[PDB]
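# Observations on the model geometry
Residues per chain are reported as follows:
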Amino acid sequence: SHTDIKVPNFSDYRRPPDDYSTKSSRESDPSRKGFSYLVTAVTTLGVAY
Amino acid sequence: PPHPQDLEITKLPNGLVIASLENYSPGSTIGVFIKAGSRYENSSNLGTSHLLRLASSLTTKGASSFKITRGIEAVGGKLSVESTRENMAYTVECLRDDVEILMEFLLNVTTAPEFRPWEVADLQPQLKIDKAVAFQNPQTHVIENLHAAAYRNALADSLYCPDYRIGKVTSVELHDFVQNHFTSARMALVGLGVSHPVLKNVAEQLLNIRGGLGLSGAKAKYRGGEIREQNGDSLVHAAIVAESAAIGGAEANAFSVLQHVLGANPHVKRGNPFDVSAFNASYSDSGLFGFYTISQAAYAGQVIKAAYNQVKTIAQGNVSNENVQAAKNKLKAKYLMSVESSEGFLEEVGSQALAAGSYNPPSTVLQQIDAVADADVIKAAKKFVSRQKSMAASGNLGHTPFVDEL
Amino acid sequence: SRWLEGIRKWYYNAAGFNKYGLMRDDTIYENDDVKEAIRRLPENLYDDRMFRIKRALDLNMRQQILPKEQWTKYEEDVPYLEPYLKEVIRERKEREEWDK
Amino acid sequence: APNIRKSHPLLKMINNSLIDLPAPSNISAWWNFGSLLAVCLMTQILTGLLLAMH
Amino acid sequence: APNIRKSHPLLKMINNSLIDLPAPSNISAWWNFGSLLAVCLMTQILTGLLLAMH
Amino acid sequence: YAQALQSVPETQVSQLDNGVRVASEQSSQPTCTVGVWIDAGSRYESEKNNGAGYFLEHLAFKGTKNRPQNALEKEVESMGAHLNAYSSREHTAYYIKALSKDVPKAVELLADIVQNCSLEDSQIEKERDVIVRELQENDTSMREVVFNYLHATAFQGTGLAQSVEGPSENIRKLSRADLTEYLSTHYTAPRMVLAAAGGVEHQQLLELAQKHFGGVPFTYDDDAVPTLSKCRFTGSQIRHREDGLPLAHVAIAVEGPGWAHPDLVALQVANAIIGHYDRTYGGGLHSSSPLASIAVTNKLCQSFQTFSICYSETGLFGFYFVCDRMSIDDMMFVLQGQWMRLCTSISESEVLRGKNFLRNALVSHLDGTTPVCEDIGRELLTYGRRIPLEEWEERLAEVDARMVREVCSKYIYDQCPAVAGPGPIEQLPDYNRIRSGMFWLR
Amino acid sequence: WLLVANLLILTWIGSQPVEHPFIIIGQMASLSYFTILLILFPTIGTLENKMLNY
Amino acid sequence: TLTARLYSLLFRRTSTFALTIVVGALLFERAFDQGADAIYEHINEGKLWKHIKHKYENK
Ligand code: HEM
Ligand code: HEM
Ligand SMILES: CCCCC[C@H]1C(=O)O[C@@H](C)[C@H](NC(=O)c2cccc(NC=O)c2O)C(=O)O[C@H](C)[C@@H]1OC(=O)CC(C)C
Ligand SMILES: CCCCC[C@H]1C(=O)O[C@@H](C)[C@H](NC(=O)c2cccc(NC=O)c2O)C(=O)O[C@H](C)[C@@H]1OC(=O)CC(C)C
C-alpha cells in the first residue's frame, strides 16, 4: 500500500554524527550550515582575491 | 446574566420577517434567506439560480467585486451562499463591531446586484467545475436525477445548471430572476449574536423592493419516473421514492419517525458489504420518501429488493410501539443536536421565520413529534407501498432491477 | 471669449483621424486600461470598431482616404469606450489605494 | 512538421523573421530604415574588414 | 508569468541554458570539456583582443 | 464583544485521586457531548506494535464484556447518542453526544470501553480484513498519503514517521493479545481526560466519573506519565512519482515548535496571511493571500492549504498544494516565495487582517458541543489546562508585523524543509533548488 | 518639425565658427532642443488630449 | 561557538554574508600577500635586488 513505505536508513551511510535521532536536528545543523557555508563564504572570498 | 433573550420577530410593512437572537457569542452571523431557488426556472433560464448563487461575489452598486471580497476579508469575514431547489440563504459571519461593516456587503450582494455582462460572461465557465466537483459524489448525481424522475415541471428542475446551458445564461436572466424572487415578502433578514433593535434599523436600507410574490413557482405534478445511468462504478447507487409529506403538512412528522422507525430495519435486513438508509425530503408543496442503497454491483439487485421488502413488511404490521418510542427520541436528538452549531441553528430560526413567520419552541416542536406515533407510521409506510414509485440509479446496474420488477 | 467647444471642433477636424473614418476612441493607444476597457466592450461595438480599424489600416496602407462624405462628423463621434475605460481606471485607482 | 521551414532549429529563425513574420500592412518607407541600417552594418563590416586587410 | 526568469526574452535564454536546463544526472568530467572549450574561447578572445591592443 | 468573550463561562476542571482530569463547559443547551481523550497514539507504537491504536479504535465500539455488541449499540442507538472518535499520532479520543439527561449513562458507557473491550478474537479476525481494505481505501486519497509520506521523511527514523494506520503486515498479524497489550499499557487515567460541553453541571459529571472510573493507582509508576522519545526532524524529500495520476500533490514544511511554545500564536497568524485557495472560492481578487491571488491569475493550483500541525514537543509548519502536472513549478516558486516575503517584508496592514481571520476561526473552532469538548479534551492533554477565547484573544491580539517576521524567519529562513510529492511531478525541481528557495536574495 | 529643423539648425550652427551672428543662435537652438523635448512635447501632449476631452 | 556564531551573524542574511566576503577579502588579501611575499623572498635570500640593493645601500 503506502503505509508500508519508509525512508530507508541514511544514518551512518551518510549523515553527520550530529544526526542520529533522539535529539533535535535543529540547534545542531544551524551550526552545520555555517560550515558548508563557511567554505563557500571562503571560496567567494578566495575568488574575489 | 444567564444568556437568555427571547428571539424577537417583527414582520415589516413589506413582508420582510426580521428574526434575531442575542445569544452573546463572540462571533455573530447575519443571514438573508429567500424563497428563490431552481424551482422557478422554465425550460429556459435553467440554472440561472445556480449561476446566480455564484455571482455572489459580483460587483454591486454600493461596493465593487474588489471592495466586497477584500472588504469582507479585511475583517476575518465569511460570505457564502447555500441554496436548495426552493430557497437561497445568503449568510455572512464575523464578530463584534465588525458585524455592522460586514453588513454593507451582504446588503449590496442581495439587492443591488448589477451583474455586469462581462463579469458574468467571464464567470460562467465556473459552472463547468463547481458542478464538476460536486459531481464527484455519486450520491448527488442520483438525486439530481431522482427529482427529475420524481417530477415533471418546476422542482424537478436540476440544482446544478445543466451542461448545455453553461454559457448561455444571460446577464439579464439574472436580474429578471432576482427582480421576481428577491422581494420583501419572500425574504428574511435573520441573524444571531445581535441586538434586534440594530438588526431592524438595517432592514430600513434593505427596503428597496415590494412585489409580494413576483413569479411564484408552479405546483409540482408527480411522476413515476425511472432513469438509469449506466456508468460502471463497481458499486451502484439507487434510490426509490413515493411522493409525500410537505413542510408544515401535518402528515410530515410521521415519516420522520418512520424515517427512524426505518433504518436499523432495512440495514439489519440486508446482510453483506453495503449501506442503505431511509430517504426523506419535505418540500413546500410536496416531498419525497424512500431509501438510497449504495451497494456493490452484482449484489445491487438483492440489496434494494431486501431494503424494499422491509419498507413493505413495515406497513404490514412489523413496528412495535417501542420502535416508535426509540425513533421518536432519536429525532428529538438529531433535531436538538443539529442546532448546536450556530449555522445549522441559524438555519432553523430562519426556515421558520420564512415559511411561517413564527418560531415553534423546542418544547412544542417535541410535543408535536411526541404528538403522533403508533397512530401513523405503520400507515405512513403503507402509503409508500401503494402509491406510485420513481427510481434513480448510477452504477454498473446490469444486475440492478427496474421498478416494474418492484 | 473663445469656446473650448469652438476649439475642440477645431482639433477634431485638425487631427483628421475622422478622414480615415474612425471615432476618437478608435485611436487611443491600447494601454493596460484600454485593453481591459475594450475587453469589456459589448460584442456589437467590438466588431464595429474592429472593421473601422481594419478599414482604417487598409486605407492608410493604400495611402488614400475616405470620401469627404464618409468622414465622421465631430458631433456624431461616438465615445463608445470612454465610459467603460473610466470605470476601469477608477476600479484600479480604488484597488491601488486599498493596497496601501 | 512536414513544413521544415518551421521544423529546423536554424531554418525556423529565418522563416520566422523574414518569412511568416506578421508585419502591419500599412507601413511607410520610414520603416525600411533599419533594414537599411543593417545593410550599412554590413557594408561597413564587409568593406572595413577588407580595408583592415591593408 | 510571475517567474520573470522565464517571462523575459533575454533573461529566459539564461534561465534556460544555465538554470532549468535538463541535463542527464550521470555525467562524467568528459562532459565539462566544452564548457571549458568556452572558457578558452573567452580566455583567447579576451587576452588576444588585449594583445592586439599592442 | 470583548465583553462577549469575558462573559464566556469558565471551564471547570478537577482531577481524581485516580489520575483522570475531569473538565467541561456549561451552557443552556439540552444536548451536549462528552468524551475521554487518551494521550495515546501511533507515536506510542513500536516496529511490531504499530497499528494497534487503530485496530483498537476499530473494536472500541464492537462491545465490552459487561454488555456485548448487539446490546451496546442497541443501548447507544436506542437512546439517540452518537459515539464517534479517532486516533492520531499522539492523540486518541472517544466522545459521545446525548441530551445531557444522559451524563451518567454516557459516562458509564465511556468507561466501559476505555477499560473493558470485548476484543472478541472472532470480532478481531474480521476487523482485521476490514482495516486491510479500509486501508487500501485511505490509499488513493492522495490528499492524505502525501501527508504521511511527509511525516515519513520529515521525521524519518523516529516514532512520528510511522503512520497512524500502521503497515499491512502488522494489521495482518496483530494478536488478540497485542491489542490488550496496548490498552492496558496506555489507556490510563493520568493520560486520559473526561471532558464535556452542553447543559451539564460539573459536579454531577465528576461524581459519575468519580463513580464509573473506580481506578486505583498503587505504584509511583502508575501515577506517572512517560515523556516521549524526541523525534529527529530531517530536511529531506520523498517522491512517489506517477504520471498516471490526474495530478500531483506537494507538501513541504519546516520543524514545528510544539504546542507549549508561545510562538505557535504569531506563527498561527502567519498561516493566516497566506491561507488557502481552492478553485470554487470566488476571488482572483482575494485578500492579500497572494498565494491565493497569484494562484488564480496564473491558474497555479487546484487547491493549496497552509498548516502548522503540531505535537507535544515537535511540529510541521508548511503548506500543501494540488496542481496539474504542468503548473507545479510556478506554484512552488510563487508559494515558497511567499514564505520569504512573509518573514522578510510582511506589513501591519497584513497582520491586521490575519489576526481577525484567526479570531474568526478562533471562535468558530468552538462551534457547538462536540467541538468545544475537543478543545477541552485537547487543551488539558497537550497544553496543561484550558485556553479561554479571552486568552487566545490577547495571545494573538498582540502580534505585530515585526513579530510575525521575527517568528516565521526564526522557523523558515534558510531552514532545510521536508518535501513530499506523489503524482506527475516531473516538473518539480530537485531539492537544492527548492532549498535555496528558503533564503531571499535580500 | 520644429525639432527636426531645430536640429538641422544646430548642425549649420555647428559648421559655423564662433561669432555673434552665430553663437547666440547656437545656444538658443541648443535650448529649444532640450525644451522642445523635455517640456514642449509633453505639454502640447496633454493639451491635445484635453482638446478631445481626455 | 564560532561556526554557529558565524552562521547566525554572518552567513544567514544574504545581506550580511556578502558584507563579510568583502571585509574578508580585504583581510585575506593583505594577509595572503605579506605571507606569500615573505615565503617567496625568503626562499631567495641574497638574490633579489631588494637584497643586493645594498652593495650601493649596505648588507
Ligand atoms: C560600424 C561601422 C563602421 C563604422 C561606423 C566605420 C567607420 C569608419 C570610419 C568613418 C573610418 C574613417 C574613414 C575615413 O578616413 O574617412 C573607418 C576607418 C576604417 N574602418 Fe571603419 N567603420 C566601421 C566598421 C569597420 C569594420 C567592421 C572594420 C573592420 C573590422 C573597419 C575597419 C576600418 C579600417 C581599415 C579603417 C581605416 C582606413 C580608412 O580610414 O578608411 N571599419 N571606419
Ligand atoms: C580562437 C582563439 C585564438 C586562437 C586559437 C589564438 C591563437 C593565437 C596564437 C597561437 C597566436 C600565436 C601566439 C604565439 O606567438 O605563441 C596568436 C597570436 C595573437 N593572437 Fe590569437 N588566438 C586566438 C584568438 C585571438 C583573439 C580573439 C585576438 C584578438 C582579436 C587574438 C590576437 C592575437 C594577437 C595580438 C596575437 C599576436 C601576439 C602574439 O603572437 O602573441 N588572438 N593567437
Ligand atoms: C543569416 C541572415 C538572418 C537575417 C538577419 C536580419 C533580419 O532581422 O532581417 C530583417 C528582418 C531586419 N528588418 C526587418 O525584419 C524588418 C522589420 C519590419 C519592417 C521592415 N521593413 C520595412 O519596411 C523590415 O525590413 C533587418 O534590420 O536585418 C536585421 C537586423 C537582421 O540582421 C542583422 O542582425 C545583421 C547584423 C547583425 C550584421
Ligand atoms: C551571457 C552568457 C550566456 C551563457 C553562454 C554559454 C552557455 O551555453 O553556458 C554553458 C551552458 C555551455 N555549456 C553547457 O551548457 C553544458 C552542457 C552540458 C553539460 C555541461 N557540463 C558538463 O558537466 C555544460 O557545461 C558552455 O559551453 O558555454 C556556451 C558555449 C555558451 O557561451 C559561448 O557561446 C560563449 C562563446 C560564444 C564566446
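Provided above is the structure to which this section pertains.
Residues numbered from 1 in each chain as written, not as in the entry; some residues may be left out. Chains lettered and ligands numbered in written order. Part of a larger assembly, values for the part shown. Heavy atoms only, no water. Residues with missing side-chain atoms left out of burial classes, pairs and counts.

Next up on the list: the overall build of chain G. If you tally the helices and strands in chain G, you get two helices and zero strands. For chain G, whose C-alpha radius of gyration is 15 Å, the value lies well above the compact-globule estimate of 10 Å for 54 residues. On the principal axes, the C-alpha backbone points of chain G span a range of 50 × 15 × 15 Å. Split into buried and exposed, the 54 residues of chain G put 17% on the buried side. When the accessible surface of chain G is split by element, carbon and sulfur atoms take 77% of a total near 4000 Å². (Helix = DSSP H or I, 4+ residues; strand = E, 2+ residues; numbered from the N terminus. Rg over C-alpha atoms; globule rule 2.2 N^0.38 Å. Buried < 20%, exposed > 50% of the residue type's maximum accessible area, 1.4 Å probe, protein only. Areas by Shrake-Rupley, 256 points an atom, 1.4 Å probe, with all protein chains shown as cover.)

Bringing the interface of chain E and chain F into the picture now. Buried accessible area, meaning the area lost when the parts come together, often serves as the stated size of an interface. Between chain E and chain F, the contact holds five residues from the first and five residues from the second. Of the roughly 410 Å² buried between chain E and chain F on both sides combined, carbon and sulfur atoms contribute 51%. In terms of surface lost to chain F, no three residues of chain E exceed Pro2(E), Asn3(E) and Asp20(E), which account for 80% of the buried area on that side. Counting across the interface, chain E meets chain F through one salt bridge. A salt bridge links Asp20(E) to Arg433(F); its shortest N-O distance comes to 3.2 Å. Taken together, the connections running from chain E to chain F amount to one residue pair in polar contact. Residues of the side of chain E that touches chain F, tallied by class, amount to three nonpolar, one polar and one charged. (Contact = heavy atoms within 4.5 Å. Buried area = accessible area lost by both parts, 1.4 Å probe. Salt bridge = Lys/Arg side-chain N within 4 Å of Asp/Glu carboxyl O. Polar contact = N/O pair within 3.5 Å; in protein donor to acceptor, adjacent residues only side chain to side chain. Nonpolar A, V, L, I, M, F, W, Y, C, P; charged D, E, K, R; others polar.)

A few words on the interface of chain B and chain F. Contacts between the two partners involve 31 residues from chain B, matched on the other side by 32 residues from chain F. The junction of chain B with chain F conceals about 2800 Å² of combined surface from both sides, 59% of it contributed by carbon and sulfur atoms. At the boundary of chain B with chain F, the tally comes to one salt bridge. Ionic pairing is found between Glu340(B) and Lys97(F), a salt bridge with its closest N-O pair at 3.3 Å.

In the vicinity of ligand 1, the contacting residues are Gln44(D), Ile45(D), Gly48(D), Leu49(D), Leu51(D) and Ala52(D). Residues of the shell around ligand 1, tallied by class, amount to four nonpolar, two polar and no charged. (Near = heavy atom within 4 Å.)

Moving on, we get to the nonpolar core. All names here are of chain F. Grouped together as the largest cluster of nonpolar side chains are 68 residues, with contacts concentrated most on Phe-304, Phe-321, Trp-339, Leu-342, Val-404 and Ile-412. With sequence-adjacent residues up to four places away left out, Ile-412 is seen in contact with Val-254, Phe-317, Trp-339, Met-340, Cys-343 and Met-438. Counting 52 residues, the second largest nonpolar core, distinct from the first, contains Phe-55, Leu-59, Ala-85 and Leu-194. (Core = buried A, V, L, I, M, F, W, Y, C linked by side-chain atoms within 4.5 Å.)

In this section: a nonpolar patch on the surface. A surface patch of nonpolar side chains, amounting to about 750 Å² of accessible area, comprises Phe34(G), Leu37(G), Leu38(G), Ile39(G), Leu40(G), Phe41(G), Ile44(G) and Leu47(G). Following the sequence through the fold, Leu37(G) ends up in helix 2 (residues 24-50). (Patch = residues over 30% accessible without salt bridge, like charges linked within 9 Å, V, L, I, M, F, W, Y side chains within 5 Å.)

Our next topic: the packing of aromatic side chains. One pass over the structure, following the stated rule, counts 36 aromatic pairs over all chains. Ring geometry for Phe291(B) against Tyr308(B): centres 6.5 Å apart, planes inclined by 50°, an arrangement best described as tilted. Taken as a pair, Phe291(B) in strand 8 (residues 286-292) and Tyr308(B) in helix 11 (residues 300-312) lie far apart in primary sequence, 17 residues in all. Side by side, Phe291(B) and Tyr308(B) carry an identical accessibility label, which is buried. Within the aromatic cluster, the residues linked to one another by ring pairs are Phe255(B), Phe289(B), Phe291(B), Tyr308(B) and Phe384(B). Taking the ring centre of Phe402(B) as reference, the NZ or CZ of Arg228(B) above it sits at 3.4 Å. Its guanidinium or amino end placed over the ring of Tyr413(F), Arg442(F) lies 4.1 Å from that ring's centre, counting from NZ or CZ. (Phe/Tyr/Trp six-rings, centres within 6.5 Å; stacked < 30°, edge-to-face > 60°. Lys NZ or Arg CZ within 6 Å of the ring centre and 35° of its normal.)

A few words now on the sheet that holds strand 3 (residues 32-38) of chain F. Residue and element names in this part refer to chain F. Here six strands make up an open sheet; going across it, the order is 1-2-6-3-5-4 and the pairing mixed. Every other strand in the sheet has two partners, leaving strand 1 (12-15) and strand 4 (82-87) as the edge strands with one partner each. When strand polarity is set aside, the average angle formed by the axes of neighbouring strands in this sheet is 15°. Taken together, the six bridges between strand 2 (residues 21-26) and strand 6 (residues 192-198) define a ladder with parallel strand orientation. Residue pairing in the sheet places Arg-21 in a bridge with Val-193 of strand 6. (Pairing = 2+ DSSP bridges. Axes fitted to C-alpha atoms, helices over the stretch in contact; angles between N-to-C directions.)

Residues and elements named next belong to chain D. Around ligand 3 lies a shell formed by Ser-17, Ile-27, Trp-31, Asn-32, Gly-34, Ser-35, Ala-38, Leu-41 and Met-42. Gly-34 places a main-chain nitrogen or oxygen 3.1 Å from an oxygen atom of ligand 3. A breakdown of the residues in the shell around ligand 3 according to their chemical character gives five nonpolar, four polar and no charged.

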